[PDB]
Amino acid sequence: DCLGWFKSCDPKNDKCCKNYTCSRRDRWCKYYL
């Protein structure tokens, strides 16, 4: 599964979908530019 945006994630255990990547600053699945 993946996350959307403001879902908590962990950069070492990224669960983000396409065009997203989880930040550590925000610790959420941040839109990856």
# chains A, B, ... in the order shown; residues from 1 in each chain; ligands from 1
call {"tool": "residues_around", "arguments": {"residues": "residue A:25", "least_positions_apart": "4", "cutoff": "12 Å", "atoms": "only C-alpha atoms", "output": "list in words"}}
result
residues 8, 9, 10, 11, 21, 29 and 30 of chain A
call {"tool": "write_last_selection", "arguments": {"atoms": "N, CA and C atoms", "output": "PDB file, in the first residue's frame"}}
result
ATOM      1  N   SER A   8       1.874   9.856   8.121  1.00  0.00           N
ATOM      2  CA  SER A   8       3.142   9.735   8.696  1.00  0.00           C
ATOM      3  C   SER A   8       3.911   8.602   8.043  1.00  0.00           C
ATOM      4  N   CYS A   9       5.136   8.849   7.811  1.00  0.00           N
ATOM      5  CA  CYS A   9       5.995   7.935   7.156  1.00  0.00           C
ATOM      6  C   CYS A   9       7.354   8.053   7.748  1.00  0.00           C
ATOM      7  N   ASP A  10       8.222   7.276   7.257  1.00  0.00           N
ATOM      8  CA  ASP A  10       9.561   7.236   7.722  1.00  0.00           C
ATOM      9  C   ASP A  10      10.436   7.120   6.520  1.00  0.00           C
ATOM     10  N   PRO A  11      11.393   8.025   6.340  1.00  0.00           N
ATOM     11  CA  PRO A  11      12.273   8.055   5.154  1.00  0.00           C
ATOM     12  C   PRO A  11      13.043   6.749   4.901  1.00  0.00           C
ATOM     13  N   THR A  21       7.173  11.016  -1.764  1.00  0.00           N
ATOM     14  CA  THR A  21       8.305  10.523  -0.997  1.00  0.00           C
ATOM     15  C   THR A  21       8.170  11.132   0.377  1.00  0.00           C
ATOM     16  N   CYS A  29       4.234  11.970   3.830  1.00  0.00           N
ATOM     17  CA  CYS A  29       4.422  11.611   2.451  1.00  0.00           C
ATOM     18  C   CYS A  29       4.279  12.875   1.623  1.00  0.00           C
ATOM     19  N   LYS A  30       5.378  13.450   1.305  1.00  0.00           N
ATOM     20  CA  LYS A  30       5.409  14.716   0.699  1.00  0.00           C
ATOM     21  C   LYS A  30       5.492  14.545  -0.798  1.00  0.00           C
TER      22      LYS A  30
END
call {"tool": "select_by_dssp", "arguments": {"residues": "chain A", "states": "strand (DSSP E)", "output": "MDAnalysis selection string"}}
result
chainID A and resid 20:22 29:31
call {"tool": "residues_around", "arguments": {"residues": "residue A:2", "least_positions_apart": "4", "cutoff": "7 Å", "atoms": "only C-alpha atoms", "output": "ChimeraX atom specification"}}
result
/A:15-17
